[PDB]
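Written below as structure tokens is the structure these notes are about.
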Amino acid sequence: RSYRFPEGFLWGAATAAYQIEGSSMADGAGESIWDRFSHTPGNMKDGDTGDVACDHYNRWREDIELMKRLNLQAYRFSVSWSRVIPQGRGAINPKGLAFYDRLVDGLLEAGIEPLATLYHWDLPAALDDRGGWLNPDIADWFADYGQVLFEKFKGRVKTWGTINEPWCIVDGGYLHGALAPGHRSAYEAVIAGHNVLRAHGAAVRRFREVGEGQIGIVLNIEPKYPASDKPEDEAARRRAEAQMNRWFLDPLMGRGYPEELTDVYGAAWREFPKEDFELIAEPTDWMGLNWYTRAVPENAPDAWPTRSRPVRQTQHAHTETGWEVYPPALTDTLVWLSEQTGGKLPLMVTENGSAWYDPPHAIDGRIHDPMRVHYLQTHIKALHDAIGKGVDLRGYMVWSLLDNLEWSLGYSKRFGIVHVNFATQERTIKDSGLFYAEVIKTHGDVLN
Amino acid sequence: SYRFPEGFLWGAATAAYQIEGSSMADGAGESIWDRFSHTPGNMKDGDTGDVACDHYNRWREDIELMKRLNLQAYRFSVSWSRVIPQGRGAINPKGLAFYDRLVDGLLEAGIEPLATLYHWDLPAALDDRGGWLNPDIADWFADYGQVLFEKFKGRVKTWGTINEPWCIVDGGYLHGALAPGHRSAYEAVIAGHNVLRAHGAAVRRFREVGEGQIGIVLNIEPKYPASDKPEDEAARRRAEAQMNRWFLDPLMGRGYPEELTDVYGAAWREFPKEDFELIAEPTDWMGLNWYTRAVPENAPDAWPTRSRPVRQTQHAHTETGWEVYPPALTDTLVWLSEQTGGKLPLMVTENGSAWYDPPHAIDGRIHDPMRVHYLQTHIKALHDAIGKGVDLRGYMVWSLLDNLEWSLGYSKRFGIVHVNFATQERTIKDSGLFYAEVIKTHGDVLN
Amino acid sequence: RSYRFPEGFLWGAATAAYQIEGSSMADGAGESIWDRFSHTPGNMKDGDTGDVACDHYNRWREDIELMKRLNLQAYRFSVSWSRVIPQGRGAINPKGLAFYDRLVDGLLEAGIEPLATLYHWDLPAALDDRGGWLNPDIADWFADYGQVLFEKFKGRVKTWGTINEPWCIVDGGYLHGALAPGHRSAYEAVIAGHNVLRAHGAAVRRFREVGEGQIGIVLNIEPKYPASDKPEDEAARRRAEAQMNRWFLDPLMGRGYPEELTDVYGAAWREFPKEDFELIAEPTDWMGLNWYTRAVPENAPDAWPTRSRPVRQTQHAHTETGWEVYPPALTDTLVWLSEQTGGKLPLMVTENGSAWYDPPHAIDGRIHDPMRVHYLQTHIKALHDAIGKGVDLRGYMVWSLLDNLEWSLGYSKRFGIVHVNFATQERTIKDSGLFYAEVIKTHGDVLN
Ligand SMILES: OC[C@H]1O[C@@H](O)[C@H](O)[C@@H](O)[C@@H]1O
Ligand SMILES: OC[C@H]1O[C@@H](O)[C@H](O)[C@@H](O)[C@@H]1O
Ligand SMILES: OC[C@H]1O[C@@H](O)[C@H](O)[C@@H](O)[C@@H]1O
């Protein structure tokens, strides 16, 4: 059984601005919704904030040297909107843009492909004060923001993502309130989802006007498997599937909103103008998949609003975030996505990884994380199987390069293949990182 | 409005060798400045700290002067050699007793004593053992700190370890304009490292035997762009690294600035991992000494930073040749707030200006309108900094008294209280009167 | 009749190192064959040399400001091999490379696209002492030189030329001896042509291995028109055409060498190994055309070696270099070139312009060159006509930005749209430059 990957298959690792950078309001940087959210008591585990995080804003050079040691060919990162445009619209912050300028140049000098994400959940607070994702004008705001980047990094950043995981943004930020801006409303959730999609479309159009390279969205998908042969459980499964996996992909593919949403959101559901769906379906060049696990939903009449709940799969290992370890579901999902996009849209796994307990400090210069190593090897093999089934998969980014702030769960959830001692900011490459470096070097042959 | 936050602490600052006099009195040991000032050519007009403001004898009068100024805090330094004549070993009872009387007297007046362990006056006996080039000083200093920590436990609650490491090393070891007067990049690098280590050791000792809050005091001189030429920007970063980041960065656990490798060349050294662990020992507060900014340009022959300031002729300059530019204070405070992550309480431990005053009062008065101007504009700049979110807890004017400006002698007057050095007569300047009103109205006078 | 040019059509101007730089052996720079050639009595008109020229090595910043005043979107320039690698092989000269580093950064800062040429006739003398273009190893030497540039300017210089005018290099340098290195030999001409082609191929391969962007060769073409209906005149035309226009193009297109060359060079003609032609035909991304005029050849039995000679076309104006002004022949050539390359290869006019008399100094701050203006307007119109006929033309470079050293003809031939007072180095923009600036600004609409 060989596991060598296709020619040009791109290996990398991924991060997000608020999760690693720190210095969030430093050097002209504006206030974001997470600056506010994280400094409100009760919102974050242990009261953790992104004020310091991995101190990447100051230590990015060391981090690039770590990327080189891991033999990374690509680095997927996000740009903080509020760092570049403090009020979201209007005046640009030179020092903030200069940071990403230095960063990208440092990456290109290192021979590492910069993969940029425009929006990774850190909306400028000034725009939130204007309604945020509930305000349709954001479609323009986002576009303008996008333009600033497109022209600044023209010819340097060739691969662009617009939005990272619309579902987490809306479901977490507007439906249940576990993420910034911390609203809890189905009425708001429907609107927010729609305007996120519109914003994506607007950004793609603007990219066609002033940009260079390839642009696409990044979706998270969590495949829903049958819990039983009861029809109510299958209806539950389809509700969960529609709300999480089809909500955004379907209108992006020109199929409109899933009908089940009408049942999920009830009186909060809306019909939107026809031209909106034209904007939303703006042709893209590639698509990113963020993937971690599957779920096995059963009927749950009291679970708002999908009336479903996952059944614990005790036969398999679970991560520190409680996600089942089940690699075949990655293969299936990739196939499924290939099918939903007609096989014509180039795909990339922009996030995949696992959280396990690591000590807060290295132990004789090492971090032994055999379960993360196992997750890594089995899921990369699953990628190979998906490619063997005809999926046009061009690359793979491990989440994450560094142990970082796992948003509302704080620093307790370590996804890094590089350990960060948050007391000292010292980095230590984990066994998982060493092994991933081996996977890249052999282009997969080490899995043989 | 310019009313300051509740509990905001107003005061003035001094240093031992600059005001005390009686350097060899009552058991007091010899310091490096006793030697330095009595070597011809080192000091302007041959000035020494032998008499200075005679504060050792007139401290009560000086405290009454503090009361007339409505001071809520007094920042001062303790002479190491006055307390421990050989730097190590036997304590000098009378010398320590001076500071005992002083601190008790301050507390009687309702004035908070802010004590600095080291303000440039190393015991000469330790200098003969290598001074700041000897790593053992980290321990020596710690022991010295302990003596004070236990003696003034519960009375002095706010402690500074070292005052301006950059001036100590750059002036004392790199260029030799200050005691002990060495000129060596090699020694400068080693000395800087041992100064930081000594700070760390003193903080640990404070954790074990001390009570209250402890921190270091850094001077910062923000470096602004001279042009858009890239060599001038590289120059700017060399200067900034050598002066402003050399000490702050390792204190915040980020190691030494990369640029230093370029600045010091073959004189730069790698140090053991545990040293930086000692150096970044967590502090409770930080002092900023601030006076001005600089606008560095490339200067290949300027050793060792290869940079030089461009004279900013659009603005007023002090008698020490420092540009008057209050906005740079605001910026610096913000910058400092960001470098320390906002978690560390900041205090302006020194700010002020030197202008010419006559050697005597004029019908009971000293009119210093430019010092008044410096004061009001920079205090307003403090208010602006607080408005931008800086956790700034207080402000100490340099200086309470006209004093010995080290190698520049008595020619540079920084006092808000005038000292006639012929008669030791004190006269409160217009700047002092105004500062007293700033304190009493808690800033409202600035409206 | 509109003359708006295609979207993205690139307007610029061109120079060559020895023709403008001066400071030829300054800052570590090595001796080139033109250093030797120009300082040998009898070789150059009026004893002119490239010692000072336009003093561009010292005044490049002023020249960039001049480019900005002309609204240039691109600047085509060459890199002096001996300035960067003094002995042609071995140690790099840091100051020499630093000059082009500063130049390129300055160009990019001004928003001007740097178009770099590896070889513009100035071979390092040390390599000439090893046989120059007669030594097959030059293919390797050139490649190594190319690499130095490819990596130094990776991501900054995106458009690369390998060789500027193989025909002038070989015919002028080795066949007739009018150009450096001043050899006169058909045997040497055949060998040199072959090795120039090989060097191009080697540089393209090396570029594929370590470079980034688009790379191609630059050919001059002088279309040969019928003088009469006499068959010997048509045979003459075909000889001249084969020797000048098809000699290099055909093997570059994989068609081997023109059959007629066997007749032109006789006993000096040679057969070369088959793999050489695999190397020569290495796929390129674009091709440059240098174009000035046409010829009308007739039979001339005593003319060595093509046995042909041009018939003076007295019905048309001639430039000071004695070249007929006939704009339709430009259109024809482009079409011809489009046909020879199958329409698949993006083309750019890398040189076009004319030499007319100008005074040595400005006349009240002006230089009135109405014939150069005329040449410019008619030939640019001819470009538009060529595009209408299906030529995939992406850009146009005026030769030249500056009055410069016209090689063996010295400073007597002014090609600049910017006048250079060679006594004072004062630059004065000519009426032609003013007009060209308006052409760029209106993207061709001024021609309407
Ligand atoms: O939950 C772990 C990770 O999930 C991903 O889908 C998000 O993009 C990350 O920001 C997050 O850290
Ligand atoms: O130059 C004026 C003052 O600068 C301060 O930073 C030093 O601590 C003083 O000793 C000195 O007198
Ligand atoms: O012969 C005139 C011109 O011919 C061009 O094709 C060359 O590139 C130039 O260097 C030269 O000035």
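For the numbers below, each heavy atom of this structure counts, side chains included, while hydrogens, waters and symmetry mates do not. First listed ligand is number 1; within each ligand, the first listed atom is number 1. So you know, we letter chains A, B, ... as the sequences are listed, proteins then strands, and number each from 1.
Not a single N or O atom of B/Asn403, backbone or side chain, sits closer than 3.5 Å to an N or O atom of ligand 2.
Remark: B/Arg75 engages B/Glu350 in a salt bridge, criterion side-chain N to carboxylate O under 4.0 Å. For the pair C/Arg294 and C/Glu324, the salt-bridge criterion is met [side-chain N within less than 4.0 Å of a carboxylate O].
Contacts between B/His119 and ligand 2 below 4.0 angstrom, taking non-hydrogen atoms only, involve the side chain exclusively. Looking at C/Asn164 against ligand 3, only its side chain comes within 4.0 Å, counting heavy atoms. Of all the heavy atoms of A/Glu406, the ones lying under 4.0 Å from any atom of ligand 1 belong exclusively to the side chain.
Ring geometry for A/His379 against A/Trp291 counts as tilted: the plane angle lies between 30° and 60°, on a 0 to 90° scale. Between A/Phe422 and A/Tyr411, the two ring planes are tilted [angle within 30° to 60°]. Classification of the B/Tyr291-B/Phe414 ring pair by plane angle, with boundaries at 30° and 60°, yields perpendicular. Ring-plane geometry between B/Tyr74 and B/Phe76 is classed as parallel, the angle between the planes falling under 30 degrees on a 0 to 90 degree scale with a further cut at 60.
Residue contact check: C/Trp399 has heavy atoms under 4.0 Å from atoms 9 (C), 10 (O), 12 (O) of ligand 3. Of all the atoms in ligand 2, the ones that sit under 4.0 Å from a non-hydrogen atom of B/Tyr291 are 3 (C), 4 (O), 5 (C), 6 (O). When each atom of ligand 3 is checked for a heavy atom of C/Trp407 under 4.0 Å away, the hits are 9 (C), 10 (O), 11 (C), 12 (O). Each of the following atoms of ligand 2 lies closer than 4.0 Å to a heavy atom of B/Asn289: 6 (O). Residue-ligand proximity, A/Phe415 to ligand 1, at heavy-atom distances under 4.0 Å covers atoms 2 (C). Using a 4.0 Å cut-off to heavy atoms of A/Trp323, the atoms of ligand 1 that qualify are 1 (O), 2 (C).
Atom 10 (O) of ligand 3 has its closest protein heavy atom at C/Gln19 OE1, 2.4 Å. Looking at atom 5 (C) of ligand 1, its nearest protein heavy atom turns out to be A/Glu351 OE1, 2.8 Å. Among protein heavy atoms, atom 6 (O) of ligand 1 sits closest to A/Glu165 OE2, 2.1 Å.
In this structure, the side chains of C/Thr15 and C/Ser78 stay at 4.5 Å or more apart for every pair of heavy atoms. Using a 4.5 Å heavy-atom cutoff, the side chains of B/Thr161 and B/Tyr118 are not in contact.
The closest approach between a heavy atom of A/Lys413 and any atom of ligand 1 is not below 4.0 Å.
Counted by atom type alone, B/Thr116 and B/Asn163 present zero donor-acceptor pairs between their side chains at under 3.5 Å.
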